[PDB]
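Just one chain follows, in the form deposited in one PDB entry, and it is written as structure tokens.
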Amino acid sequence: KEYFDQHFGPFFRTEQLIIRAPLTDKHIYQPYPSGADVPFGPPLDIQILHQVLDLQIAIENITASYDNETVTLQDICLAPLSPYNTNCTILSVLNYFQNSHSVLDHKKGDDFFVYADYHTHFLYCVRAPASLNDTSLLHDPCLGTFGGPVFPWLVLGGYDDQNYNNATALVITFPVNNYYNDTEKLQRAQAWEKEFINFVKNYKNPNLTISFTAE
């Protein structure tokens, strides 16, 4: 998957996870006021997205030690908003909701019907991932917290044509510095990667199967 990209150009490599929801069924979203039904695959169930967001947040918080120093993802990641540590690049469907549990829960509706919710936002954002403003009543941005668009074909798997709603897998990608010319900083990044591998290997959630992708 990320082999073909040159990982992320010559100076960054990617840690990448593929995530499926084996104990979750698909479900129907009915657009308001009228319109054809849109089925959403298992990993786009609202609760599995919340659970995948917790996984993602936990990954961001992983630390490793090398000598007496501490190594965070923020020390090694691609963060294009500013020259100094910042909001790390995470290619994920959760970045359409700015990696926020509350934004994912945003909804507009009356006492009984839903006008707009995460389905509505999703279906807009896969068509306009750089948008700062959903055209629906939510008016939420699509842009990821790292300051760039997340293209839908990079963060979803197992869908037909461009029906991203029918995805059977989520793909999560963190670019990190390869540090080809800096030996001391590469060792720190590799220390972090070892903790990342451990974290993923020991992560317990019956609702998710988490795998590393084949390079």
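Residues that one form lacks are left out of the comparison. Sequential numbering from 1, following the sequence displayed. For the two forms, the rigid core is made up of the largest set of C-alpha atoms that agree within 1.5 Å on superposition.
The discussion below concerns the form solved in complex with a partner chain, not included here.
Engineer: Check for me: heavy atom within 4.5 Å of the partner chain in the entry with it bound, for each of 29, 115 and 137, yes or no.
Structural biologist: Contact check passed for all of 29, 115 and 137.
Engineer: At 4.5 Å between heavy atoms, only one of the stretches 121-129, 107-115, 139-147, 72-80 reaches the partner chain in the entry with it bound; which one is it?
Structural biologist: Partner-contacting stretch among the options: 107-115.
Engineer: Considering only heavy atoms, tell me if residue 34 and the partner chain come within 4.5 Å of each other in the entry with it bound.
Structural biologist: Contact check for residue 34: yes, within 4.5 Å of the partner chain in the entry with it bound.
Engineer: Superposing the core, which one of 100, 131, 72, 85 shows a C-alpha shift reaching 2 Å or more between the shown form and the other one?
Structural biologist: Of all the options, the C-alpha that shifts by at least 2 Å belongs to 85.
Engineer: My question is whether residue 34 is one of the residues whose C-alpha shifts by 2 Å or more between the shown form and the other one, given a fit on the rigid core.
Structural biologist: Residue 34 C-alpha, core-superposed: shift of 2 Å or more.
Engineer: Say whether the C-alpha atoms of residue 6 and residue 196 sit closer together or farther apart in the entry with it bound than in the form shown here, given that their separation changes by 3 Å or more.
Structural biologist: Distance between the C-alphas of residue 6 and residue 196: longer in the entry with it bound, by 3 Å or more.
Engineer: Quick one: residue 7 and residue 141 C-alpha atoms, closer or farther in the entry with it bound compared with this form (3 angstroms or more)?
Structural biologist: Between the C-alphas of residue 141 and residue 7, the gap narrows in the entry with it bound (3 Å or more compared with this form).
Engineer: Run through the residues found in both forms and list the stretches of 3 or more in a row whose CA moves by 2 Å or more between the shown form and the other one, fitted on the rigid core.
Structural biologist: Only these runs move by 2 Å or more: 1-7, 32-35, 83-85.
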